[PDB]
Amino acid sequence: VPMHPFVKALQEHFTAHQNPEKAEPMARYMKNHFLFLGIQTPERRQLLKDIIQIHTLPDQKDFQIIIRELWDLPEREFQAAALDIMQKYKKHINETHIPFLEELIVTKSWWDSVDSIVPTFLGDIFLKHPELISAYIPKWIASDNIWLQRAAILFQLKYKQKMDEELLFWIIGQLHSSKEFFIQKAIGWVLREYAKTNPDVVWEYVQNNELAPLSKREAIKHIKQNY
């Protein structure tokens, strides 16, 4: 049972605003991996802000505590709220928090949580500490956990001109033989997105290195008509 007051207050308030009619289709959207209260993002963020306006944002010493308790609650809105809350502590998040973010990636894993954790929080950390990438990314690739593997792919998603091109292409080469839907998809996504910044090197990579057909199609879908 949760025990930090902020989290109790958020559980009560969210629970009071649940909508069973919305809950079933939302849960089916995540392949019924999670229970849902039935609260979509606009309302969900309104309710979180209510609790902050009342209690004020907890002291930074408790932010791991609070995220952990939210992660253990059964309804998916609490993990999504936990990530909205982590956004409000970005300034105090640093390399000592990488193992905590790993734990979050590998617990209650699905595309909605991992796609929020990785490009923003891990992306930011490794931009400040790129000498730590080698302690984590190779481990994640070798782990055979698809969510850590998608993390290795997507932590650079938002980098644009900051992208470490040879690192990106090494990561993809290590994972291109994956059968996994969420790995193939992530490879096609990061290539398509980086092609908005550096289209010529994405074209050259795709034309000379093996990829799942899904990944290759998605990567070139906006630039193929220039070639």
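One-based numbering along the sequence shown. Definition used throughout: the rigid core is the maximal C-alpha set that superposes within 1.5 Å between two forms.
Stretch with larger C-alpha RMS deviation in 9 other deposited structures of this protein, core superposed, 217-225 versus 4-12: Farther on average in 9 other deposited structures of this protein: 217-225.
Selected stretch [higher average CA B-factor]: 149-157 or 85-93: So the stretch with the higher mean C-alpha B-factor is 85-93.
Entry-level comparison of average CA B-factors, 34-42 and 50-58, reporting the higher stretch: Comparing averages over the C-alpha atoms only gives 50-58.
Top Cα B factor in the deposited entry, candidates 195, 187, 168, 65: Within the set 195, 187, 168, 65, 65 shows the top C-alpha B-factor.
Per the PDB entry, maximal CA B factor within 69, 200, 180, 164: The listed residue with the largest C-alpha B-factor is 69.
Record-listed C-alpha B factor of residue 74: chain third: Highest third - that is where residue 74 ends up once the chain's C-alpha B-factors are sorted.
Residue 206, C-alpha B-factor rank within chain (lowest, middle or highest third): Residue 206: CA B-factor falls in the middle third of its chain.
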